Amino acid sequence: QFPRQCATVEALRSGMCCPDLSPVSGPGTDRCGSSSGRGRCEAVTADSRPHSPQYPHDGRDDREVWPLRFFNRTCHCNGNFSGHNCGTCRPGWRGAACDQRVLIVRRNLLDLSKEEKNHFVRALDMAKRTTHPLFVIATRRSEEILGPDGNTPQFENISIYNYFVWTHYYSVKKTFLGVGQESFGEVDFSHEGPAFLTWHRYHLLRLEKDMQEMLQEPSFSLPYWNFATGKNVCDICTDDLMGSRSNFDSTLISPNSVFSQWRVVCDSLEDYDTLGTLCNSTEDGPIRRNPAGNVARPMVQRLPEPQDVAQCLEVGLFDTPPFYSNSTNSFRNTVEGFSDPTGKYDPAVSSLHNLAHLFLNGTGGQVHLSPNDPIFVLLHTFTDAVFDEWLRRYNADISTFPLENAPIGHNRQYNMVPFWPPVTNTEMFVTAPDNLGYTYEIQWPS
């Protein structure tokens, strides 16, 4: 979403989000750090290819051709510099000149020392309560973004972790068609299409980086949850990790865990989809969670089996037509969970990543809310670990990731909504250890 210095009347009217870095001659003198060698303001590269006919409302939705409905000028950073104003480094690099390589290791949450488990839980809690130093979130769509008097940008500060929740919400929300009109819901810029794995990869990378700067710990890494154990239970739902079941309410988190104190954002869909507003930073109810608790649906009362992971890593084409939730023999769709681990599509199956979500029977099972439950982080670093092993094994074969006719948001060169600066799926479609400064300490079934 947008840097606070671009969430201004001047910046939105200009269409330029190219903030200063260290201006020593007055405002606008070091845009993108162009005084040093760090970058320059330039025109936005956005995808103009066609999308699937599934979305019929071209011209109605601020997320189309991201980010041109807000800005047509951005920073492009030189070399291994990065960031909204080219003041930081690309993933895997540090130092004033972005020339010292780092490689952080993402580990199984269960393998961490007692002090590392407690350090991770507290870091997450700190992110829930700490204002994001860079990004603010829109509470209204572009037509109303400048406020009633036209001079009051409709943005709020938001914590580090709630920003992580908000961008996921924004990527899946419905297209508002107007008061009286029913919002359009056959659209999802981060699921049910090829961009699912690259989108969620950046999502994790952005939270990880934000927590490193919040902690001043360059090497801090996000753990993962191996949910492919075939278990009846959630083995990370203990009070030293993520929280156990409350004994006073089967659907709440134990009061002995800090997560029972969390209050969710973005749980007012009926307001957003009838008044055309957006999720803001005001929190509401508690996390609801009830592992295996969906008696109405026995298929989602057990977690994937270890053999589900091995099977899906044998699917060698990243994605297949129609590049949607009903694709067959698509690794993307298999690991996402709409096909079975062998690639066979079945409207009645949920497996792997989808199954782990549904197994929570709660806040984590609803796509517009699920990052509110911090299991989401661990569930998706695991999905990313699977994705990374695929990248290794099939040599990052981006060839079946379609350039056009995907569901909207999912063309290969689409800028992943709503990340800032603009970042394509392509930039994420690389093996992490050589290209993104992280790797997984994990071994696969065989």
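The numbering used is simple: start at 1 and walk along the sequence shown.
The stretch with the higher mean CA B factor, choosing between 47-55 and 379-387, is 47-55.
In this entry, 304-312 has the higher mean Cα B-factor, the comparison being between 355-363 and 304-312. Comparing C-alpha B-factors across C266, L204, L317, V102 in the deposited entry, the largest value falls on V102. Taking the PDB entry at face value, the top CA B factor among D284, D125, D210, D273 belongs to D273. Among the modelled residues of the chain, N415 sits in the lowest third by CA temperature factor in this PDB entry. The entry lists a Cα temperature factor for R63 that places it in the lowest third of the chain's modelled residues.
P422: CA B factor in the lowest third of modelled residues in this chain (values from the PDB entry). The entry lists a Cα temperature factor for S221 that places it in the lowest third of the chain's modelled residues.
Residue-level temperature factors show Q1 in the middle third of its chain, judged at the C-alpha atom.
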